[PDB]
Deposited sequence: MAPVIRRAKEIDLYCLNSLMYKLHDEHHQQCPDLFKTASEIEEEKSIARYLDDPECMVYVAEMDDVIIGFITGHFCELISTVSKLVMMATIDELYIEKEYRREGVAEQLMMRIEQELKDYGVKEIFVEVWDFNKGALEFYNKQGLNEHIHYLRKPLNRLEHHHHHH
């Protein structure tokens, strides 16, 4: 699967996979900002896994800053969502997605990373 930065051309697909993600969420533990606006945000990231010509997965994350009144801002980030087609799981597509987002994160000097997928940090 080819991992790449998302584009305005995938917004249509993303609505569906974003829906599939949230759907399954309400099915395990039944108990925001647009994906488009999200994609356009200069501090946001969205990578997708493309198999043939279809997007079978994506991951979403955003840069953030710990702001104080006595210290310079510290660069940090947050991994928000991650989804894989039930037909493509158990294939390492998640790692190649987590691998990509960390690449951009690392070279952006992020000090701390909070994962929101599914409470783990780094």
Write out the missing regions of the deposited sequence in sequence order, one range per stretch. 1-2, 34-43, 131-132, 137-166
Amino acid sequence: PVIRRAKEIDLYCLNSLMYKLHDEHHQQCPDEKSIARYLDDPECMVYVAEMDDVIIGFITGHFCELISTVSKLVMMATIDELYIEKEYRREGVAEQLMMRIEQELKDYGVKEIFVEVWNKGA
From here on, numbers count along this sequence of modelled residues.
Mind pulling up the entry and telling me whether 68-76 or 49-57 has the higher mean Cα temperature factor? 49-57
Higher avg CA temperature factor (40-48 vs 83-91, as deposited) belongs to 83-91
Out of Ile9, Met98, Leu21, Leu14, which one has a C-alpha B factor higher than all the others in the entry? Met98
